[PDB]
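Text of input-v9.txt, listed as compact mmCIF, C-alpha atoms:
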# COMPACT_ATOMS: atom_id res chain seq x y z
CA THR A 5 100.55 -268.91 15.91
CA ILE A 6 98.73 -269.36 19.23
CA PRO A 7 100.09 -268.40 22.66
CA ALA A 8 99.35 -271.34 24.90
CA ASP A 9 96.96 -271.60 27.84
CA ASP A 10 96.24 -267.88 28.00
CA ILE A 11 93.26 -268.86 25.84
CA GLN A 12 91.41 -270.20 28.88
CA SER A 13 92.40 -266.99 30.66
CA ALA A 14 90.61 -264.99 27.96
CA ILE A 15 87.70 -267.45 27.95
CA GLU A 16 87.08 -266.94 31.67
CA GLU A 17 87.69 -263.23 31.14
CA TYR A 18 84.78 -263.29 28.69
CA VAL A 19 82.59 -265.39 30.99
CA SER A 20 83.17 -263.16 34.02
CA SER A 21 83.04 -259.85 32.13
CA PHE A 22 79.34 -260.60 31.69
CA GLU A 29 68.35 -257.07 34.04
CA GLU A 30 69.10 -260.25 32.10
CA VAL A 31 67.08 -260.65 28.91
CA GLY A 32 66.84 -263.74 26.73
CA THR A 33 65.50 -264.19 23.21
CA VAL A 34 63.25 -266.90 21.81
CA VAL A 35 64.82 -269.05 19.09
CA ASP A 36 62.37 -271.91 18.52
CA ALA A 37 58.69 -272.13 19.42
CA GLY A 38 56.30 -274.98 18.71
CA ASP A 39 53.71 -277.13 20.51
CA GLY A 40 53.97 -275.41 23.87
CA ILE A 41 57.76 -275.67 24.04
CA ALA A 42 60.14 -272.77 23.47
CA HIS A 43 63.90 -272.31 23.45
CA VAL A 44 65.54 -269.19 24.86
CA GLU A 45 69.09 -268.06 24.18
CA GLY A 46 70.69 -265.88 26.82
CA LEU A 47 69.83 -265.69 30.51
CA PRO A 48 73.14 -267.07 31.86
CA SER A 49 71.90 -266.95 35.48
CA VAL A 50 68.56 -268.77 35.33
CA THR B 200 100.32 -257.68 3.10
CA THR B 201 100.93 -257.70 6.85
CA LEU B 202 97.16 -257.41 7.33
CA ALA B 203 96.61 -260.50 5.19
CA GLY B 204 99.33 -262.45 6.97
CA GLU B 205 98.00 -261.59 10.42
CA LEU B 206 94.43 -262.35 9.34
CA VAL B 207 95.27 -265.81 8.05
CA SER B 208 97.20 -266.36 11.27
CA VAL B 209 94.08 -265.42 13.24
CA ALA B 210 92.10 -267.73 10.97
CA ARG B 211 94.38 -270.68 11.69
CA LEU B 212 94.12 -269.81 15.39
CA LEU B 213 90.32 -269.70 15.46
CA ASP B 214 90.32 -272.91 13.40
CA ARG B 215 92.67 -275.00 15.53
CA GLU B 216 90.40 -274.76 18.61
CA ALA B 217 86.65 -274.39 18.16
CA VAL B 218 86.03 -273.84 21.89
CA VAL B 219 87.14 -270.17 21.69
CA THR B 220 85.07 -269.54 18.50
CA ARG B 221 82.03 -270.85 20.45
CA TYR B 222 82.40 -268.05 23.05
CA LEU B 223 83.18 -265.79 20.03
CA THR B 224 80.11 -266.57 17.86
CA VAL B 225 77.31 -266.05 20.41
CA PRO B 226 74.54 -263.61 19.41
CA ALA B 227 74.12 -260.42 21.45
CA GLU B 228 73.52 -256.85 20.27
CA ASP B 229 76.34 -255.62 22.54
CA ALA B 230 79.32 -257.99 22.41
CA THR B 231 81.61 -255.85 24.57
CA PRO B 232 82.67 -258.95 26.58
CA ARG B 233 83.71 -260.56 23.29
CA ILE B 234 85.36 -257.26 22.35
CA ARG B 235 87.22 -257.49 25.69
CA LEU B 236 88.30 -261.05 24.85
CA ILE B 237 89.62 -259.58 21.60
CA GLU B 238 91.42 -256.75 23.43
CA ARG B 239 92.96 -259.27 25.88
CA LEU B 240 93.73 -262.23 23.57
CA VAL B 241 95.82 -260.90 20.66
CA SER B 242 96.30 -257.20 21.46
CA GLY B 243 99.88 -257.77 22.56
CA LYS B 244 100.74 -259.79 19.45
CA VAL B 245 99.02 -258.23 16.41
CA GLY B 246 98.98 -254.87 14.66
CA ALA B 247 96.39 -252.13 14.88
CA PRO B 248 94.42 -252.55 11.61
Here is a file; write its structure as structure tokens.
Amino acid sequence: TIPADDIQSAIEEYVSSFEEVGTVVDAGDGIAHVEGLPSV
Amino acid sequence: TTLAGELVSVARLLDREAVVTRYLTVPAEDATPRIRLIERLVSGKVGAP
């Protein structure tokens, strides 16, 4: 099954475990969307 | 057979809460933080393969 409430522990482990580079996803009419760059 | 059992268990896990899968399905050519989450989420509960 699922061990309880250590899931948020691993979630914050992931968040904290991560020169930043983003990538364009959409682009149209002078408006773009960029995935990545967690510290902008 | 143990591989199949543990995989469907992981599937039910990742299904019951979508919030973890969100941090688990982000695109990045080096997912070593997600690999860490893997190594620190189920490593003490599942087999090697």
Checklist entry - At what distance in Å, to one decimal, does CA of residue 37 (chain A) lie from CA of residue 19 (chain A)? => result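 Between CA of residue 19 (chain A) and CA of residue 37 (chain A) the gap works out to 27.4 Å.
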Next on the checklist: Residues of chain A were defined as contacting chain B if any atom lay at most 8 Å from it, counting only C-alpha atoms; please report them as a ChimeraX atom specification.
Outcome noted: /A:5-6,10-11,14-15,17-19,21-22
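Taking all atoms listed in the file into account, residue 45 (chain A) lies nearest to A:32 out of the set A:8, A:20, A:13, A:32.
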Show which residues sit within 10 Å of residue 202 (chain B), as a PDB file with C-alpha atoms, keeping the file's coordinate frame. Count all atoms listed in the file, and ignore same-chain residues fewer than 2 positions away.
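Listing of selection_6.pdb after writing:
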ATOM      1  CA  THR B 200     100.320-257.680   3.100  1.00  0.00           C
ATOM      2  CA  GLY B 204      99.330-262.450   6.970  1.00  0.00           C
ATOM      3  CA  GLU B 205      98.000-261.590  10.420  1.00  0.00           C
ATOM      4  CA  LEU B 206      94.430-262.350   9.340  1.00  0.00           C
ATOM      5  CA  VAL B 207      95.270-265.810   8.050  1.00  0.00           C
ATOM      6  CA  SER B 208      97.200-266.360  11.270  1.00  0.00           C
ATOM      7  CA  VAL B 245      99.020-258.230  16.410  1.00  0.00           C
ATOM      8  CA  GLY B 246      98.980-254.870  14.660  1.00  0.00           C
ATOM      9  CA  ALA B 247      96.390-252.130  14.880  1.00  0.00           C
ATOM     10  CA  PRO B 248      94.420-252.550  11.610  1.00  0.00           C
TER      11      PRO B 248
END
Checklist entry - Which value, in Å to one decimal, gives the distance between CA of residue 47 (chain A) and CA of residue 30 (chain A)? => result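 About the pair CA of residue 47 (chain A) and CA of residue 30 (chain A): they are 5.7 Å apart.
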Item to check | One-decimal distance in Å that lies between CA of residue 220 (chain B) and CA of residue 35 (chain A) | outcome: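 CA of residue 35 (chain A) sits 20.3 Å away from CA of residue 220 (chain B).
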Put a box with edges along x, y and z around all the listed atoms of region 218-232 of chain B, pad it by 5 Å on each side, then give me its centre and sizes in Å, one decimal, as AutoDock Vina command-line options.
--center_x 80.3 --center_y -264.7 --center_z 22.2 --size_x 23.6 --size_y 28.2 --size_z 18.7
